[PDB]
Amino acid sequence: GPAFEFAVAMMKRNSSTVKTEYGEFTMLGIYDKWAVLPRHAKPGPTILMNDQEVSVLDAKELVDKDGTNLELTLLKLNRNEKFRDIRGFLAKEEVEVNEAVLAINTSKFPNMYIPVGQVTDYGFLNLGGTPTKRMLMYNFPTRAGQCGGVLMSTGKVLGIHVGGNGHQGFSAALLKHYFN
């Protein structure tokens, strides 16, 4: 039900596909010139966004207070076009929901909309040797690789998909306080 329509509305205006040396990723524009990618995308000063080149003015790999990884890279795009401001839709705290949608939007998985259901706070994972905090889990009984993605419920952007293991998938929590 309503998570889907919400997801689509967000992806329609604020999602893009980004290609770096480490693959192809859903990116999520948040406000102004600021977007979020998974940290493992490792964007350089020029990204490919919808297969065109875009200059990156500033990058921020997020860590918590302890400098523990959060697996999110904020990037500031050299564009005059502003993203629709979806800061008001980001999770403030509450990140365990019964009905979530994962939305992947890449050149390989265009407009993929999965009802993943219940979202559980995991906390720590070891992502490729890096301790990472504020991880979310959900059932995702399939492939997909590191394609990014946007985890959403009705009225709330929850997370950025960092991958899965054939049964579960995982998101980095995308908190309101990250953007101011």
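Residues carry their position along the shown sequence, with the first being 1.
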When the Cα temperature factors in the entry are averaged, is it 29-37 or 60-68 that ends up higher? 60-68
Please work out which of 88-96 and 106-114 has the higher mean CA B-factor as recorded in the PDB entry. 88-96
Going by the entry, which of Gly123, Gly148, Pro45, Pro141 has the most elevated CA B factor? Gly123
Among the modelled residues of this chain, does the Cα B factor of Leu127 put it in the lowest, middle or highest third? highest
Split into thirds by Cα B-factor across the chain's modelled residues, where does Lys19 land: lowest, middle or highest? middle
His167, C-alpha B-factor rank within chain (lowest, middle or highest third): middle
B-factor third for the C-alpha atom of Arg13 within its chain: middle
